[PDB]
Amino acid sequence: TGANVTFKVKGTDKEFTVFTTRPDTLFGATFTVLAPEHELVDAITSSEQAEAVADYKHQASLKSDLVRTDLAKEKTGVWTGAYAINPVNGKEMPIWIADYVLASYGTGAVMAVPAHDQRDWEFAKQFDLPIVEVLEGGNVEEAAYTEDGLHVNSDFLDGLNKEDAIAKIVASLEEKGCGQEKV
């Protein structure tokens, strides 16, 4: 079981939805990543980034799913030039494309939580993106912390465990109309 979370694209009437197994880490989402093949990419890419996005989409189409999701391969990607809006606090999150996100799985878009997801962490370290701890237990600048722990830096989720935080965040999202549990 997981959840869908919907993000508005800043400065537009566009939105996209991600699939996440950990809606409770929403306050640690410091960027979002679309599959290079995602349907929204071309419409939100800025003119300055357009050529780099086109070049990267071509590169990504020449790699299989297995090579793209391989943990040992160097992370690659490019900024679209656009920002998503985090629904819980209104903060802007840069929208990247990266081939470790697969078009066919879930929605083809993720919220990136580099502190607590190994692939997001590798991407953030490769591209100097912020890393924000929301589950205590590790030292997230040195190593992704991929285990359970009490929530921090998470407003009304602070002090809760995974099961409680997930229930609370999903309730908040369903109530704003920008999230729901998904299986």
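All residue numbers refer to positions in the sequence shown, first residue = 1.
- Judged by mean Cα B factor in the deposited record, 152 to 160 ranks above the other of 137 to 145 and 152 to 160.
- Stretches 109 to 117 and 72 to 80 differ in mean CA B factor, with 72 to 80 having the higher one.
- Among all modelled residues in its chain, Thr17 ranks in the middle third by Cα B-factor.
- In the deposited entry, the Cα temperature factor of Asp55 sits in the middle third of values across the chain's modelled residues.
- Ranked against the other modelled residues of its chain, the C-alpha B-factor of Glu39 as given in the entry falls in the highest third.
- When all modelled residues of the chain are sorted by CA temperature factor, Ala29 is found within the lowest third.
- In the PDB entry, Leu129 places in the middle third of its chain by CA B-factor.
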